[PDB]
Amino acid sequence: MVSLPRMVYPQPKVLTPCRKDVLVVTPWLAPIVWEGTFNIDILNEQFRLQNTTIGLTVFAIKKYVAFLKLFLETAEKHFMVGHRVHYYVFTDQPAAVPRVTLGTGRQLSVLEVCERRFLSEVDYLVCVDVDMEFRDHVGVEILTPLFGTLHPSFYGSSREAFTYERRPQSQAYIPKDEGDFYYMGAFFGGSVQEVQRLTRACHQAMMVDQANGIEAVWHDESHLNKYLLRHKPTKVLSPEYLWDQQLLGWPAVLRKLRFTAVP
């Protein structure tokens, strides 16, 4: 909205692709975020000028509350550093939430287990799984109206191999000749409005399936993939944002491992 100040940085080269080893934009012109495709300095400026607030939601029920400490501590070092962050921890054990020291401009709310709340408190919602840890930068380069993350096991696979729900009886059904990517349900988000639309669409599709006595092969994730097939995300995050070094190592195609599973 407001003018960016004078900035000094390398001139982008029109005849020099940033990455030649991977696809950096989808067929519907949504960027695919890989290290080397963005200048974080320009992006931080753009979002700071808008005083952007990012909500980060995690669900820690039962034994998963044990992952909160590492999750929050690492988020403090790598997630949206410099911008306003509001952590939303949904848990069945309010008292078990660890007391983690937060940087300025960042807050955490514990919700024991309305959507209207999100609309007035944050500009974007990022929904992730709690049994993870941040190992590198995860910033505003991911912010957009709607984004999904490439599942680390299928980013190089053909659609036929994607583990979409294949039964026509399911609302999450996707035939073998359809599909752009296989997105993992452990990392998605976008504007509050778009995220609520996605979740509302998924919840309704799941109810319909339940009534028909059917459960999608990969539950929530199956419906997420159906939704993102019909409502193309405005950005797609590379596997840099959802990886497991123990199971997949550290391929050359990944210059950074930013968000990973906990052994």
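Position 1 is the first residue in the sequence shown; the rest follow in order. Think of the rigid core as the biggest set of C-alphas that the two forms share within 1.5 Å after superposition.
Once the rigid core is used to overlay the structures in 4 other deposited structures of this protein, the stretch among 160 to 168 and 114 to 122 whose CA atoms lie farther from this form is 114 to 122. Count the deposited residues lacking coordinates between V113 and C114 and you get 10 or more of them. Averaged over their C-alpha atoms, the temperature factors of 36 to 44 and 57 to 65 are higher for 57 to 65. Relative to one another, 166 to 174 and 102 to 110 have unequal mean CA B-factors, and 166 to 174 is the one with the higher figure. When the C-alpha B-factors of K232, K226, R197, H219 are read from the PDB record, the largest value belongs to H219. Of all the options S158, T144, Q193, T74, the entry's greatest CA B-factor is assigned to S158. Among all modelled residues in this chain, the alpha-carbon of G249 has a temperature factor (C-alpha) in the middle third. Ranked by C-alpha B-factor against the other modelled residues of its chain, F154 falls in the middle third. Compared with the other modelled residues of the chain, the Cα B-factor recorded for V25 ranks in the lowest third. Among all modelled residues in its chain, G139 ranks in the lowest third by Cα B-factor.
When the modelled residues of the chain are ordered by C-alpha B-factor, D131 sits in the middle third.
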